[PDB]
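Working notes, structure below.
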Amino acid sequence: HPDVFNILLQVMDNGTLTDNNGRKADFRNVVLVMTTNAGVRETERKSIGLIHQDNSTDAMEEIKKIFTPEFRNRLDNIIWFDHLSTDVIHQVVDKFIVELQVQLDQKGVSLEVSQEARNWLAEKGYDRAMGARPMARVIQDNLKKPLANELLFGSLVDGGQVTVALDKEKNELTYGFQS
Amino acid sequence: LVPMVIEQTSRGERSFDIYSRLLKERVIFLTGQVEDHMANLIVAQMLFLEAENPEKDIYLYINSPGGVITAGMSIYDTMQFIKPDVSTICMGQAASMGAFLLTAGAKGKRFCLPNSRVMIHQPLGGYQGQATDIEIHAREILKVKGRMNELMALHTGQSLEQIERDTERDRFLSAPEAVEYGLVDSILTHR
Amino acid sequence: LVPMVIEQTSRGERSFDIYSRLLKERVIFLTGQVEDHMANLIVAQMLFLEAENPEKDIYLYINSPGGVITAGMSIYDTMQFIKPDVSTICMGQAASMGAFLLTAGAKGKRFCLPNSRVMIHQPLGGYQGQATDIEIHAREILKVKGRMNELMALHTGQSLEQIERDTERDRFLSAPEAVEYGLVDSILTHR
Amino acid sequence: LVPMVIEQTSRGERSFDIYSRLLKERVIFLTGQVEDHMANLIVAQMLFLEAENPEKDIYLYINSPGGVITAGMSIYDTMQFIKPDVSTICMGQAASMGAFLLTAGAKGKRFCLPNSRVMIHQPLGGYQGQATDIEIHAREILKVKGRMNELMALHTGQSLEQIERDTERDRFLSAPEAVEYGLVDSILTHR
Amino acid sequence: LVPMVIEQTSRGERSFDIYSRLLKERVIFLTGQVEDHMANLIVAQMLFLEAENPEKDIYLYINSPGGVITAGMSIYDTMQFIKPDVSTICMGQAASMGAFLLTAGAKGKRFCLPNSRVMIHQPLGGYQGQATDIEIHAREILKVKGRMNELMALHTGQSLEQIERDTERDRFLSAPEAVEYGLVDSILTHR
Amino acid sequence: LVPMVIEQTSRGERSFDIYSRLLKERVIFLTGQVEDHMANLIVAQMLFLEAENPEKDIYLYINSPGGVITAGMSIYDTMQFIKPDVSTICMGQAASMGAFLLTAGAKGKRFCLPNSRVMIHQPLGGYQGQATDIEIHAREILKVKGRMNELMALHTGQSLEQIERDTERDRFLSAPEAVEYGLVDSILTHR
Amino acid sequence: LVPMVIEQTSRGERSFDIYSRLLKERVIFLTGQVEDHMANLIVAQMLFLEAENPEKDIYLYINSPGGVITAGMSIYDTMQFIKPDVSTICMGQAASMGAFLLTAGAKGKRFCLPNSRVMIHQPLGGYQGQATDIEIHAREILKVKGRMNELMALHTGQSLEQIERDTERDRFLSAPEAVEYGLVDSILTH
Amino acid sequence: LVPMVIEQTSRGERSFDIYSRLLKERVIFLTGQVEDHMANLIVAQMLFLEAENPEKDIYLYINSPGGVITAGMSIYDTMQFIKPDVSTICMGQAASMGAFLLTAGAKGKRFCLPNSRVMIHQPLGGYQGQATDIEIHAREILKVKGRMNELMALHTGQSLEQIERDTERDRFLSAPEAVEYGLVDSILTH
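Protein chains in written order, with the authors' numbering: chain F, 570 to 748; chain L, 2 to 192; chain K, 2 to 192; chain J, 2 to 192; chain I, 2 to 192; chain H, 2 to 192; chain M, 2 to 191; chain N, 2 to 191.
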């Protein structure tokens, strides 16, 4: 609400805040960071017309209208992002696999995944509209479901030696345990 | 004049026109002679509903004595163009252009009240000028007649020959007879 | 100029026109010659009221000198279709397609004022053209004529032959005579 | 253009048109030739006032030159139907169906200004066509004439013969003369 | 087009039309041909100001060229009825009815600008039909003629013979001579 | 259509139409044929501005092609009665009545654009009737011309004989000629 | 009457006409005979949309049976000197001025419906009076006549001989014929 | 029906018509036959814009077919009187009076679209009655003709002889030819 923004103006300039309790706080050393999600909403918004029209809006355009210029005057700097890279998204699978593999190390389990499968899984999870928000969920879903059934009693209990690779026709990962 | 109505929205009470309130429920009204302005308004209503929820099906009530064919074609192409099925519920009266839009509705959704009346006729037009100029305009009227007959057969399902002989002169098809002919799927008695 | 009436609610006070305020109380007004545009408002009003409370009855005051036959059928078809019982009150005057809607009301909820008058006659129409076209257009007038008498006989409960002979010419029926005829159940002296 | 007025209230200030402000005080203006549309506004106003206060007396300022007799009966029926006593005042002229509504007010509440003029005459109507149809329409006007004489006799209290002979030709009655006839109880000059 | 004006009351800022703003200050405008609807508006404004502050005095600016007589009497009857003195000012021109309302103002409050004009004429009307009907209508105009002369004599203060003699034919009266005639009290050039 | 404009106020933004926005700056607009209705709006604006600041001068733009003389007197008398001096600026053209109001402004506040025109001619009117009636009307129109020539001479400063000769027939005075003739003080180029 | 629609803006629900909402989405509606009045409304929409976001593209629907040349020409010049590509769509029918504005859109952006019927013919007008004025008036319509065919040839790409010969008399072009003629492409229903 | 356009303000969203919103951008539209009421509306907009910013140049589009000459002077005088420089943009047909407004535009800011048509002609009017009265009206129209011709040569810069010859009879001038005659500075680049 506008009143919420009004409170922000005080800390940026006055550097102090007064409330009903009456306790004074120190904002000399405090840091402030914000996040704008309005741009994401407009990208997925449909257009009322016979043919949809591409809208490659920029981050700068939203703040000009939604936020009063007074805030921009006090603002020190604004950063912008587009997408990380195609390769980094593939690496994101590897980074999660590192922590996931660390989990296997506790269980004394070893697992390998195909380089091609890692790339496809990254693309499936990653989305332009949603970014990397759903990527975390898909990583676990790929292997947690099948592994769970056999970890209680099976080769995974002792060494694992798991092998993971996709099928060209079915595009579905296959799990084989060799202890 | 149009009577205002109240919607009990969560935010608060809001006043809407009777037509505007119904439009929010995917209900459009085709009333009176077909014209460019009224048809263009219907086209605008369809696009607005499409963006709101393309999965939901639009409803349209055809109570008109017919009119210009050029404007009516904009509604026909728009109905098929948009993904939402444009249900058609003839109320009171339907004419050649009105019935053409009635048949344009998606299969299984077209409706016609029990006492509704439908009429179909060949396109009526005239031109004055030199003999050569009359010929070109005559060709378009014939082309429109041929094209309209072909489109009617696709939705109706009747053979082109049958429609041509039936549409040569005014044919009044009641609501029960329409189901037999194929202009409408069934009458509206239960949802 | 329609006046504005203040309505007081717990939430607050909302200003509505006189007609809209009565619409909120399930009171529709059928005034003037019947037409497609004014009938669309009556039809739109019935649907809104039906959704707000389908159990509650709807009242349709009728002060009309008659009008288009087809436009009225839209109103008539919508009255039988909806679940709410559509009561009808004949204030001032009722004529062809104005009286048909009066008798169309639910049984036991049709009334006439003590000094009201109602008239009934067959549909009036005409056409000019070739003899072949006049035959089909003329045949349609008989179809609606026979169909209209079937509906009136159903509501009034009288024999079809009695209505056919009576409808042939104009018949002015006073409010008490209407009860004997079967158009209305009684006079609205008080509830 | 109609002026707007401010109504002071504890909750806040309300803006009303001049006519609507008077409606809040149970003041209804019957101005212009009587018609089906304007009568509904007067009828709708009477019903709205009844709900607000079914015991307080309504007021009606009649300044009309007369009009459709059947539309006026819609107002006359409502006046006697509703429990409130519909007081009547005559501003300027009063003619056929204007005076009928002026004398239809409750006893002791009908009034006239000193310069207000009242006119009374039999209904005037015409129909052309077949001789059989003319007889039917002619009999109606004669029947309506008797109803007008019978109803006026009750309010005025004079015998039907006096009203029948006097109503044959146009009769102008000033405020003092009207009181003697019985159209109104007294004048408003001093109360 | 009507220009909007700002008042800036203690409670807050309000916007009113120029005519509505003046009405709040008890300034009423009478312009154009007299008619039932415009007269009704003037009567409504007088009643509204009466209840707001009966102690104060109402002002009326007459710039009308004359109109219906019955409508004017409605305004005149309301001026003498209400306790507030309805001051009258002649802006531009005053015809028979405009002058009858101008002179109807309370004594010591009727004014006319120096370059203003006044005109007084006998009532004009016509009737066509049977000789008997003309006889009844003829007496009405004569009775009304005597009524206007009788009322004009009281306000002006002259003998009935002088008013009828001078008003037989159209007579124009400038601002200074009008004061001598008793229509107006004094000029509004300065106070 | 009238374009809206936004103004900045301490509490909140204020939206006013273009004409009303200029009213706040004491800028009145006199456009089109003069009439009792438009003139009533002009005097209403003048009276409103006087109360706001009876010292600040009013500005009345003149782009009228002439009109009825009766309505002009209301504006002319109003201009002289109010304390504020009215500044008359001739835009495009000023006919006989417009020129009369133009010269009626306070000395030193009368202006004309370099390309504006000024036409002046005796009053135009006609009466068709009997010889006795025509006699009265002929005298009145001549008396009206006498009152306009005398007032024009007062403001312009020319002798009555000079105005009579110049006003006997139509005459068009350019912007510089108006200054020499005495209708306006000077051209509006610097301020 | 124009129905009112509710838009769920971040601040709150806003109620405005149906055309205004479509205008918000860069949709301009051209309907009826062209005239100097409705032309300004269309031009006003283009100028306002340009100031809001000139990078985006504007859409225009054509359902007019003809109109004045000067009025329709005002829209043509407007669409040319503005960066937003004004897409043109034919709804129901086009005419001499409707088709001119239909083919004036950016190459590729212009589209047409399947059952749309287009017509193009030379402008028709006449002047009566002294022989001298008819000569000057007649010579002017010939000069402007060539200009329409010249500008039409630029967009369509056909030789001026084809356009002038075809435009000499009314020529009804359906959706498939228009594609072959080079005036406009076909709508992408998918 | 004129459409409404929402405006973005820090305090809250506002709704204005398309014409009114353009006024905020110092854009004034002109169309239809020149009339007394129409002219005063344009004059009101000019005065309002002057007070808002007397330095920022105004833009005035013209698509009128001509009208009364007297009312047109009210617009001309105001444009010269007001300090802001009006940028006359001829978007369509410009008759004798319509073209006069284009010349009144400040030098260096006059513009005309490439396909716009600008026709000039002598003032057209007439009177009927007594010979004495006809003489007054006849002399007046001739005097008015001189004034318009004289002011035309001021802005255009052509000699009175040249202006008299082109304006004696109906003349139709295209957009490129206007630059040669000095009526307009140059066509809009984009």
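The beta carbon of each residue, even a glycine, is placed where N, CA and C say it ideally should be.
Open item on the list: Can you give me the C-alpha to C-alpha distance between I76 of chain N and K57 of chain N, rounded to a whole angstrom?
Closed with: Straight-line Cα distance between these residues: approximately 18 Å.
- [ ] Report buried or exposed for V599 of chain F, applying the criterion of at least 16 other Cβ atoms within 10 angstroms of its Cβ.
- [x] Answer is exposed; the Cβ neighbour count stays below 16.
Task: Minimum length 3: unbroken beta strand (DSSP E) runs contained in the region 43–74 of chain N - done: 59–63
- [ ] Could you tell me whether the Cβ of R12 of chain N comes closer than 9 Å to any Cβ of chain H?
- [x] Output row for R12 of chain N: interface = yes.
TODO: Check whether the region 17–36 of chain L touches the region 48–64 of chain L, counting contact only when three or more Cβ pairs, one atom from each stretch, lie closer than 8 Å.
DONE: yes
Task: Cβ neighbour criterion (16 or more within 10 Å) applied to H621 of chain F - done: exposed
Open item on the list: To the nearest angstrom, how far is the alpha carbon of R170 of chain H from that of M47 of chain M?
Closed with: Spanning the two alpha carbons is a distance of roughly 53 Å.
Open item on the list: With a threshold of 9 Å between beta-carbons, can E162 of chain M be considered close to chain F, or not?
Closed with: no
Open item on the list: With a threshold of 9 Å between beta-carbons, can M74 of chain I be considered close to chain J, or not?
Closed with: yes
Open item on the list: In chain order, what are the residue ranges of uninterrupted beta strand (DSSP E) at least 3 long that sit wholly in the region 110–179 of chain H?
Closed with: Counting only runs that start and end inside the region 110–179 of chain H, the beta strand (DSSP E) elements of at least 3 residues fall at 111–113, 118–121, 172–175.
Task: Unbroken beta strand (DSSP E) run spanning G745 of chain F, endpoints - done: 743–746
Task: Interface residues of chain M facing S187 of chain N [CB-CB closer than 8 Å] - done: Residues of chain M passing the Cβ test: none, with the nearest at roughly 13 Å.
Open item on the list: Less than 9 Å between the beta carbons of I137 of chain L and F173 of chain M, yes or no?
Closed with: yes
Task: CB contact flag (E165 of chain I, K146 of chain I, <9 Å) - done: yes
Task: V671 of chain F classed as buried or exposed, judged by whether at least 16 other C-beta atoms fall within 10 angstroms - done: Here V671 of chain F is exposed, its C-beta having fewer than 16 other C-beta atoms within 10 Å.
Task: Distance between beta carbons of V119 of chain N and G106 of chain N, contact taken as under 8 Å - done: The distance from the Cβ of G106 of chain N to that of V119 of chain N is about 13 Å, inconsistent with a contact at the 8 Å cut-off.
- [ ] Run down chain F in chain order and give the residues with a C-beta less than 7 Å from the C-beta of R148 of chain M.
- [x] Near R148 of chain M there are no residues of chain F at all, since even the closest Cβ is about 31 Å away, more than 7 Å.
Open item on the list: Taking the straight line between their C-alpha atoms, what separation do you get for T79 of chain H and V44 of chain H?
Closed with: 7 Å
Open item on the list: Which residue marks the beginning of the beta strand (DSSP E) containing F82 of chain M, and which one marks its end?
Closed with: Taken as a continuous stretch (DSSP letters only), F82 of chain M belongs to no beta strand (DSSP E), as it is neither H nor E.
- [ ] Give the secondary structure of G99 of chain N by DSSP, where H, G and I count as helix, E and B as strand, and everything else as coil.
- [x] helix
Task: Cut-off 6 Å between Cβ atoms - residues of its own chain near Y60 of chain J, not counting five sequence neighbours on either side - done: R27, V28, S88
Task: First and last residue of the uninterrupted beta strand (DSSP E) at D736 of chain F - done: Segment: none, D736 of chain F is in no beta strand (DSSP E) and carries neither H nor E.
- [ ] Could you confirm whether any beta carbon from chain N is found closer than 9 Å to the beta carbon of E639 of chain F?
- [x] yes
- [ ] Could you run through the region 112–142 of chain N and flag, in chain order, every residue whose CB is less than 7 Å away from some CB of chain H?
- [x] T133, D134, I137, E141
Open item on the list: Measuring alpha carbon to alpha carbon, tell me which residue in I:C113, I:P115, I:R140, I:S117 is nearest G126 of chain I.
Closed with: I:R140
Task: Classification of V185 of chain K by the beta-carbon crowding that lies within 10 angstroms, buried from 16 upward - done: buried
- [ ] Could you tell me the distance, in whole angstroms, from the CA atom of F101 of chain M to the CA atom of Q123 of chain M?
- [x] 11 Å
TODO: Using a Cβ-Cβ cut-off of 9 Å, state whether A100 of chain H counts as contacting chain I.
DONE: no
Task: Bridge-paired residues (DSSP) for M5 of chain L - done: The partner list for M5 of chain L (beta bridge, DSSP) reads L:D18.
Task: Boundaries (first-last residue) of the alpha helix (DSSP H) holding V573 of chain F - done: 571–582
Open item on the list: Can you tell me where the alpha helix (DSSP H) holding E639 of chain F begins and where it ends?
Closed with: 638–643
Open item on the list: Does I617 of chain F come out as helix, strand or coil in the three-state DSSP assignment?
Closed with: coil
Open item on the list: Here's the rule: buried if 16 or more other CB atoms are within 10 angstroms of the residue's CB, otherwise exposed. What is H156 of chain N?
Closed with: The residue is buried, with at least 16 neighbouring Cβ atoms inside 10 Å.
- [ ] Specify, as a first and last residue, the run of the beta strand (DSSP E) that residue 196 of chain J falls within.
- [x] Here chain J has residues from 2 to 192 only, and residue 196 of chain J is not among them.
TODO: Check the DSSP bridge columns for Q709 of chain F and list the partner residues they point to.
DONE: In the DSSP output, where bridge partners are listed per residue, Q709 of chain F has none listed.
Task: Interfacial residues, the region 40–53 of chain L to chain B, with Cβ spacing under 8 Å - done: Judged by its chain identifiers, the structure shown contains no chain B, and its protein chains are F, L, K, J, I, H, M and N.
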